[PDB]
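Here is the structure we will look at, set down as C-alpha cells.
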Amino acid sequence: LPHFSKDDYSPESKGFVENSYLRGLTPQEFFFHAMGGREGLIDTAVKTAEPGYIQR
Amino acid sequence: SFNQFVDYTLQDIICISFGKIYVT
Amino acid sequence: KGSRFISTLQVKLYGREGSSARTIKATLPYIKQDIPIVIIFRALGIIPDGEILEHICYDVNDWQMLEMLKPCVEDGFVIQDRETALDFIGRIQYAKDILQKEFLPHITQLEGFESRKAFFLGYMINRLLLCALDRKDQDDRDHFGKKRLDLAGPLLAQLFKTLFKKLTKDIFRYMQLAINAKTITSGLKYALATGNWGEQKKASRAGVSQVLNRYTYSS
Amino acid sequence: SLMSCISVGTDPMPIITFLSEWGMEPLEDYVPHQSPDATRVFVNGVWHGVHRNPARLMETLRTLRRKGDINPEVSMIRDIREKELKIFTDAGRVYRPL
Amino acid sequence: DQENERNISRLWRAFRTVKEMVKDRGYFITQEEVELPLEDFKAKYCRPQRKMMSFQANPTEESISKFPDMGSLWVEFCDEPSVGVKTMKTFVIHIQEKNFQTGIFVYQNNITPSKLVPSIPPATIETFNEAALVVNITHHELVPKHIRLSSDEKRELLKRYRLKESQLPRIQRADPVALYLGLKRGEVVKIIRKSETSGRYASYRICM
Amino acid sequence: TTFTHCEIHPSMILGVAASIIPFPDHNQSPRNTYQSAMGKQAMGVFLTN
Amino acid sequence: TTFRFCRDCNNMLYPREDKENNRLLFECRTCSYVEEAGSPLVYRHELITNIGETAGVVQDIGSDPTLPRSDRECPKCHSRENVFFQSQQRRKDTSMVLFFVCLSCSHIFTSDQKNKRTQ
Amino acid sequence: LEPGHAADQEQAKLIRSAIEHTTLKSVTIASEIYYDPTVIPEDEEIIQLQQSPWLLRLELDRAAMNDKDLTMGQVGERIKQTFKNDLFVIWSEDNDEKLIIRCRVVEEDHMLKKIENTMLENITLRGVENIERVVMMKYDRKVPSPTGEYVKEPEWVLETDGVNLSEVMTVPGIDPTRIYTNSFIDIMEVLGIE
Amino acid sequence: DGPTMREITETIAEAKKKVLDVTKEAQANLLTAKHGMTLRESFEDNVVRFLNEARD
DNA sequence: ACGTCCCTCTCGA
RNA sequence: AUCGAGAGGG
Ligand SMILES: [Zn+2]
Ligand SMILES: [Zn+2]
C-alpha cells in the first residue's frame, strides 16, 4: 500500500484486520477485506459453472 | 474527453488540400 | 496519434536452465521466422560481434549476463556485414524499408535514427535477462498503472479517423463539390447507436455505447 | 471512484526540449563504456537520452508542474533502485489527487 | 564382497514370489518351499547363477478336477540380462520336444523382438521380469482375490445371471493379475472383496 | 516519517454508488458489494423534469 | 570469465591451445589476430547464484522515501541513520535477512548472524 | 514403513534419503572449466597420490551434503562409473577445506562443455527419480493392543512429491503391501483395475 | 466491552509478539529451515498459525 | 473439445 | 414477429 514501508512483511499491512465489525476497520483494513471477498464473489458467480458442468 | 477531442485532436485529422475546420 | 498499428514485437530467450542452446532471436513485423538478435543488429548498422555487446550491457562486468549472449553471437556469426544481414530477411533491399518503417516506430520511422532503434533493442534484451537471472520479478500484467482506458474522446477518435477513412478514397472516385456527406454522419450515428463500435457493418468490441440508466439519480 | 479523474493527452515536445536544456545527452553520442551511472530518460515509452545526477533534475521538474509550467496530469517517476526515469504525457492515466 | 548382496536379495524375493504365483495358478508348491530364506537359498544356490534355479512344478489333485487339461508347466531362467532368439529357440524346444502345456520364462533385464512365443499351438508362454516380480502386487491392501472360473463355471454364470458374454464387466489380458494367472480371452474371474455395505461383495470380470 | 504526501480523506476510494452505505467500515465486504448495485435497482426521484 | 575481443575486429575470441609449447591462446575467427590467455578460467556456470544479491544500490540510495531507515549501527562511522532492504535477488528461496545500507558512509553490511555478508 | 520398527523415526530417515532423488545439480555450487596440463594453487596437495589438459572443476556446498548428507567418496564414485574408464576423475575428502572434483577427457573445447550439463542434470546420486522431494511425519493409526481392544500406537510415513511406484514398490524396509499413491491411474497400471 | 474486551485487547497484542519474535529472528537467518519448505515459506506458514490461532 | 439451470425487462436490421 | 448485441433478477 502506498502508505506502508517497502520490503515489509508486517501483519498490520499484509491483511490482518485487528479491528472488529463493532469497532470499525480503517481504510487499510477495510481495503483488504475487500480483495478477499471478491475472489469469494468470483467463486460464486464465475466458477459456479465448474460443477454445473461436472453434473451434466 | 469530448472537449479535448473536439477542440484540438479532431483537427489533427486532415492529412484539394484540407485546412482548419469548424463545427456548429 | 494517427493510427492503430497492430504490429507487435517479439524477442525471446530460447533454451531453459540447463540447456546451453540459449539463443536469443526476435520476431518482427512482416517476417516469419525469428531473427537472431545479432543479424538484426547488423542490418541496423552495428556490425562487430562485440561492438553490439555494449548496446546490450550497461556495465561490462555482468559476466554471467555476457556468458549467455555467447551462443546468439555464434548463432548469427554466419552473417558479418550489413548487406549480408537483411538479405537473410528475404532488389531484396526491401528489408531496410521494413526496419525503417513498421518496427519500433514509437521513436520515428525516419531512417536516420538507426542508433536509438538499437540502443532500445538492447534495452529490451537487457530487461529480458534480469528476469532470466532472478534479479527481477517478471512484470505484473494485472498491474493497473500499466493499463490505459479510452473515454468518449479516443473512442470517437478511432471511429472518426477510421470513418473519414473511406471518405477520402471515395473522393478519389469523384474523378474517373459533390462528395459523400452521409457516411461521416450515418457512421458516427451507427456505432454510438449500436454499441457495436461501428467498423463498417462487421462485428466488434460490441456493447460499448450503452443507453443511460434512469431509475434513480445515483444509478 | 469519486476523486479519480483521467488523463487527456498533453504534448511531449516542450519537455523533451526542457530536457535537452537541463542535462540530457542524446544516445547517438552515447556509449556506456565511459558512463555507466548513466540514468535513462523515458517519455511515453521513448528513450530520448541520458543524465547523470537526477537529484535536482527530477526535483526541479516536480516543482515545475507544481507551479504550472508543465501540465499537472503528466506523471513523473524515477526508479532510484534501477536508475530509470519514465515520463508520461499519455492519454489514459487514472490520476488521483494528493 | 562389495554391494552385489543388494542385487543378491532382489531376485530371492523375486524367486519366492515367482514361485508364489505357481501355487495360486494351480500347481504343487509348499509354503516352506517358497519361505526358504536367502541363507538356505545362497547355500543351495551359490556365485548367484540363475540357470540353476529353473523349476518344474505340476498340477495339484484339486486343480485337476475343474481344470483337468492344465498340464505340465516348465519354467527356465536366463543368466544373460539381455536375451535374443538364439537362446529363445533353446528354451522353446524344451516344451516343444517334451510337448508340455504352458511355460513362464523370466528374463532379468531385457528382451528385444527376435516374437516367436505364439507359434507353438497349443501352448502360449507367459514372460515375466525380475524388476516387477521382486514385490508381489497381489499381497497389496487394495488388490481383491480374483479366482479363475472353469469352462463349466463360466457357462454357469452365463445362464444363471441371464447374460451374453458381452454384458459381463471386464479385465484385460495385460491386467497385472490376469498376467499373474495368465488369463486368456473368454476366461472369467470371481473378484471377491470386503465391502462396507454387503460386507463381502462378489463381482465378476471376464478377460479379452 | 519519510512521508511524501498525505491522503485527503480515506472515504474517497468508495465508488459512485456505494458512497451511500451507512458505515461500510462496519460491514462484511461482500454485503457492501450488494447494497452497491442494489441502490441502482431502486425507486425515487430520478430527475425533476 | 571476464574475457575480451580482438583489437582489430572488436569481435569476440574463441580459445585455442598451443599444441607445441603448451599454452592457451584467445583466437579470432573474423581476422587472424591472436593473443595468449591471461588466466586459465575459460568457462564458469555458477549454479547457486549470488551475484547481485544486493544488486543496484548506487548514488542516492538513502533517498527513495520508499525504504524507511533503521536505528542500528554502521561498522565504521556507526550511524543509527541508515536505510535498509531485503535481498534484491528475487528467487523463491533466498532468506529474509536484510542487507542494511548507511545514509552516512554508503557501505553494505548484513545482520545475518549465522555467517557475515560482505556484499 | 515396515511392520516391526515402523515407530523408528530413524528407519524412515534413510528411506527418506534412500529415494528422495538427489543429483549432481543438487549440490554443485559452481562448475568451471580450465586449460591446465595442475596449475591451481590449492589443488597441489590433492593431486599428490595420456589424458587431456582440459580441466572440469565443479565445487560442492558444505550444507548441500548435510540436508541430503551425501558422501564425497560416493558423489564422484557414480560420476567415475557413469563414463566407464573414459574419464580420469578423483575428488578431495569430506574433512577438506573446500570440496572439489577434477575430471580429464582421456579439439575438445566445447566437447567437454558437453559433459558440463550432462553431469549436472542427468547424473543422479542418492535416490529413485521423479520423487523430487519427500517428508516423513507422524499420524495416529488405530491397531489392536493384544489385551484385545484397539489402541493408539502411531507411526511414520514418507509422503512424496512425485510418483513412480513401479519401483518404489520394491525398495526394502517399507511396506509394499500398503504403500499408497493418489495417482489412481498409476495404481490402475501397477496393481490391477480392481 | 466488559473486562472481556479489556482482555481480548492483549491477545491481539501478545500474538503480535509471537510474530514479532519470528520477525528479525527470520532476518537473522536463525530461522530453522523446516523439513522441506523454504525459509521464506516457513515464515508465512508459521506466522499464519500465529495469526489464525490469534483471531480464533 | 465443450464450456450450471431458469426467469424479467430493453433495443438495432 | 426472426436472428444479433446489451443491463438486471434469484
Ligand atoms: Zn579480430
Ligand atoms: Zn557509515
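So you can find residues: chains in the C-alpha cells are A, B, ... in the order shown, residues in each start at 1, and ligands are numbered from 1 in order.
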All residues having an atom within 7 Å of ligand 1 (only C-alpha atoms (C1' of nucleotides) and all ligand atoms) as number ranges by chain:
G: 5-11, 28-33
With N, CA, C and O atoms retained, export the selected residues as a short mmCIF file (atom, residue, chain, number, x, y, z; two decimals), in the first residue's frame.
data_model
loop_
_atom_site.label_atom_id
_atom_site.label_comp_id
_atom_site.auth_asym_id
_atom_site.auth_seq_id
_atom_site.Cartn_x
_atom_site.Cartn_y
_atom_site.Cartn_z
N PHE G 5 37.72 -9.34 -26.63
CA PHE G 5 37.65 -9.49 -28.08
C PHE G 5 38.92 -8.92 -28.70
O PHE G 5 39.62 -8.10 -28.09
N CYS G 6 39.18 -9.33 -29.95
CA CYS G 6 40.25 -8.77 -30.77
C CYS G 6 40.39 -7.25 -30.64
O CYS G 6 39.51 -6.59 -30.09
N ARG G 7 41.51 -6.70 -31.11
CA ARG G 7 41.72 -5.25 -31.18
C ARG G 7 41.64 -4.71 -32.60
O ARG G 7 41.65 -3.49 -32.79
N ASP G 8 41.57 -5.60 -33.59
CA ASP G 8 41.42 -5.23 -34.99
C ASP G 8 39.97 -5.28 -35.45
O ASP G 8 39.53 -4.41 -36.22
N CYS G 9 39.21 -6.27 -34.97
CA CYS G 9 37.83 -6.53 -35.35
C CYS G 9 36.81 -6.11 -34.30
O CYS G 9 35.64 -5.87 -34.64
N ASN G 10 37.21 -6.00 -33.04
CA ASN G 10 36.27 -5.92 -31.93
C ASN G 10 35.24 -7.04 -31.99
O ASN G 10 34.09 -6.85 -31.58
N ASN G 11 35.64 -8.21 -32.48
CA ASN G 11 34.83 -9.43 -32.45
C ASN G 11 35.32 -10.36 -31.35
O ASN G 11 36.50 -10.35 -30.99
N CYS G 28 40.86 -15.64 -33.02
CA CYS G 28 39.78 -14.87 -33.62
C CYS G 28 39.41 -15.53 -34.93
O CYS G 28 40.27 -16.08 -35.62
N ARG G 29 38.13 -15.48 -35.26
CA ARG G 29 37.70 -16.16 -36.46
C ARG G 29 37.23 -15.21 -37.53
O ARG G 29 36.97 -15.66 -38.65
N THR G 30 37.13 -13.92 -37.23
CA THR G 30 36.95 -12.90 -38.26
C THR G 30 38.27 -12.67 -38.98
O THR G 30 38.46 -13.09 -40.13
N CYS G 31 39.19 -12.01 -38.29
CA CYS G 31 40.58 -11.82 -38.69
C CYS G 31 41.42 -12.96 -38.13
O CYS G 31 40.91 -13.88 -37.47
N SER G 32 42.74 -12.91 -38.36
CA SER G 32 43.64 -13.95 -37.87
C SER G 32 44.41 -13.51 -36.63
O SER G 32 45.38 -14.17 -36.26
N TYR G 33 43.98 -12.43 -35.98
CA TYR G 33 44.55 -12.00 -34.70
C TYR G 33 44.67 -13.18 -33.74
O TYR G 33 44.07 -14.24 -33.95
#
I'd like the contact shell of residue 1 (chain B) - 7 Å cut-off, only C-alpha atoms (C1' of nucleotides), skipping same-chain residues fewer than 2 positions apart - returned as a VMD selection string.
(chain B and resid 3 to 5) or (chain C and resid 151 to 153) or (chain D and resid 8)
N, CA, C and O atoms of the current selection, written as a compact mmCIF listing (two decimals), in the first residue's frame:
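So the final result, stored in selection-v5.txt, reads:
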# COMPACT_ATOMS: atom_id res chain seq x y z
N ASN B 3 -14.45 17.57 -25.08
CA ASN B 3 -13.80 18.85 -25.36
C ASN B 3 -12.45 18.63 -25.99
O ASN B 3 -12.25 18.95 -27.17
N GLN B 4 -11.51 18.06 -25.23
CA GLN B 4 -10.19 17.90 -25.81
C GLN B 4 -10.27 17.18 -27.14
O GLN B 4 -9.45 17.43 -28.03
N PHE B 5 -11.27 16.32 -27.33
CA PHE B 5 -11.47 15.72 -28.65
C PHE B 5 -11.83 16.78 -29.66
O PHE B 5 -11.15 16.96 -30.68
N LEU C 151 -11.74 7.02 -23.12
CA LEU C 151 -13.10 7.50 -22.91
C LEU C 151 -13.68 8.03 -24.22
O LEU C 151 -13.10 7.84 -25.30
N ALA C 152 -14.86 8.66 -24.13
CA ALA C 152 -15.62 9.04 -25.31
C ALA C 152 -14.71 9.59 -26.40
O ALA C 152 -14.80 9.18 -27.56
N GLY C 153 -13.81 10.51 -26.03
CA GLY C 153 -12.92 11.14 -26.99
C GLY C 153 -12.19 10.17 -27.89
O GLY C 153 -12.55 9.96 -29.06
N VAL D 8 -5.87 13.26 -20.38
CA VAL D 8 -6.47 13.80 -21.58
C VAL D 8 -5.57 13.69 -22.80
O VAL D 8 -6.07 13.61 -23.92
Counting only C-alpha atoms, chain G residues within 6 Å of chain I, as a ChimeraX atom specification
/G:93,95-97,112-113
Test item: residues at most 10 Å from residue 121 (chain H), only C-alpha atoms (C1' of nucleotides), excluding those fewer than 2 positions along its chain, as an NGL selection string
(:C and (18)) or (:H and (22-26 or 116-119 or 123-124))
Close residues to ligand 2 using only C-alpha atoms (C1' of nucleotides) and all ligand atoms, limit 10 Å, as a list in words:
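Result of the 10 Å neighbour search around ligand 2: residues 73, 74, 75, 76, 77, 78, 79, 80, 81, 82, 101, 102, 103, 104, 105, 106, 107, 108 and 109 of chain G.
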